[PDB]
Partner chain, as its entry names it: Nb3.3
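This document starts with one chain, in the form deposited without the partner chain, laid out as C-alpha cells.
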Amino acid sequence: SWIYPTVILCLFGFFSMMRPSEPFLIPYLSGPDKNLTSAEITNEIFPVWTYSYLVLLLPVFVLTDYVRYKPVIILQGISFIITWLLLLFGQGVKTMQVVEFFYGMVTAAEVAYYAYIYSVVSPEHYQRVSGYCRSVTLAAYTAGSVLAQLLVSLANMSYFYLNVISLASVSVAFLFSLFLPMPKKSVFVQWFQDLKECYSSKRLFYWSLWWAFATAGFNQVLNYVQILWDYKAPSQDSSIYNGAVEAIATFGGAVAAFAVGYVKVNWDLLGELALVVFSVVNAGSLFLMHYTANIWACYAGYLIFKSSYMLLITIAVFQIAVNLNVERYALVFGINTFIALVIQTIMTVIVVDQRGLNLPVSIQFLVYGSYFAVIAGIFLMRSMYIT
C-alpha cells in the first residue's frame, strides 16, 4: 500500500539530510583544508547558492509535475554527489561557487522530494505520510549533527573524513531514490490561467499565503539565530553548545512533524485554529529570544519556535495536498517555496544588508518577532471576520 513508497522516500530523505559536515561547514572551508578567507565565503560563495536556488526553483516548479517527480529526485541525488565530491576535492572560490550552484539545485529538487509522496499515495494517507516525510528529514539533521559532534568530541576526527561520511550518506540516499516507485501518468499565457484553476480551492490560498510568508521569516530566523546567540553570550559559549542546541531544537520539530502524522485530528476544522494558535506561539517565541537577556530562555524560545513552525508547515503541506484537487503538487509547493525565497531575499536585503537598513541583531530579531506577530494577527483577523 502506502508503506513501500513512504519507507523508501523516508530513507532517501534521512540519508540525504544526515549530513555531518553541515554544522561544521564554515570551519571546514575556512581552516587548513581550503584556506579561504571569511570575506570570500559570505560575499562571493554563499550568495551563489541563493541565486542558483531561485533560477533552479523555476525549472522545478515548471517541469517537475510533467516528469512525474522521480527524475528531479534522482537529479537531487546526483547533485548531492557532485556537491560533496567538489567539497571534498575542491580548491579556490571558483569551484566553491559551483558547489553552491549544485546545492541550490539540490534544494530546488528537495521541493520535488516533498511533492513526490503526495504524487503516489492515496489522499486518505496524505496526513500520516506528511508528518513522516518531514519528520525523517528533521530527524536526519539531528542524527547527523549529533554524530558529527560525537565524531569531533570522541574521535578527534578531521573535517575532511567527516565530509566524506556526508558524501557516503548522500550516496546511499541516491541508491534509495533509484528504488522509488514511478508515479502513474497524470501561447504560454494559457499556462498562467491554469495556475488560477490550481489555486481555486480558496483554502489553499490561505495555507499557501501562510507558507509563502512564514517560511520566509523562518529561514531568516534560522540563519541569524546563531549570530543572536553569539551576541547574547560573549563569555565562552562556543559552537559545540550552539550547533548542539540547534540539533535538539530541530529534534523537537521532528517530533512535532511526526505528531501531525501520528495523531488522529480532523484538520479540516482545526486547521485555522492551529494556524492562529501556533502563529501567535511563533511570535511569542521570537519575542522571547530578543527581549530576555538569558541564553537559556532564548534557547527554549528557539526550541519552541522550531517545533511550532515544523508542526505548522507539516499541517500546511498536508492541507495543501488534500485540498489541491489537481495533480500540480510540485507546482504549488515549488511556487510556495520560490515566493517564500523571494520574500526572504527582499526582506533580508532591506532589513539586515549593509545597504538596506544595516539593522543590528537584537532589534533585528525584534523585527522578526514583529513580522511573525503581523502574520499571526492577519490570520487571527480572518477567524473574527468569519465569525
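Residues that one form lacks are left out of the comparison. Residue numbers count along the first chain shown, from 1. Take the two forms, superpose them, and find the largest set of C-alpha atoms that agree within 1.5 Å; that set is the rigid core.
Keep in mind that the form solved in complex with the partner chain is missing from the display, and what follows is about it.
With the partner left out here, the partner chain still marks one of 277-285, 291-299, 85-93, 201-209 in the bound PDB entry; by a 4.5 Å heavy atom cut-off that stretch is 85-93. Proximity to the partner chain in the bound PDB entry, taken as a non-hydrogen atom within 4.5 angstroms, holds for one residue of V342, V326, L357, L58, which is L357. Not displayed here, the partner chain is approached by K34 to within 4.5 Å at the level of heavy atoms in the bound PDB entry.
Although the partner is absent here, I378 sits far enough away that none of its heavy atoms falls within 4.5 Å of the partner chain in the bound PDB entry. Taking the partner from the other structure, the partner chain in the bound PDB entry has a heavy atom within 4.5 Å of a heavy atom of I363. Superposing the two forms on their core leaves just one of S208, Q97, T142, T107 with a Cα displacement of at least 2 Å between the shown form and the other one, namely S208. Core-superposed comparison between the shown form and the other one: CA of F15 displaced by less than 2 Å. With a cut-off of 2 Å and the rigid core superposed, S122 has a Cα displacement that falls short of the cut-off between the shown form and the other one. After superposing the rigid core, the C-alpha of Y371 moves by 2 Å or more between the shown form and the other one. In the bound PDB entry, the separation between the C-alpha atoms of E272 and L138 grows by 3 Å or more relative to the displayed form. Compared with the form shown here, the Cα atoms of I227 and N35 sit 3 Å or more closer together in the bound PDB entry. In sequence order, 197-243, 248-385 are the runs of at least 3 residues present in both forms whose Cα atoms shift by 2 Å or more between the shown form and the other one once the core is superposed.
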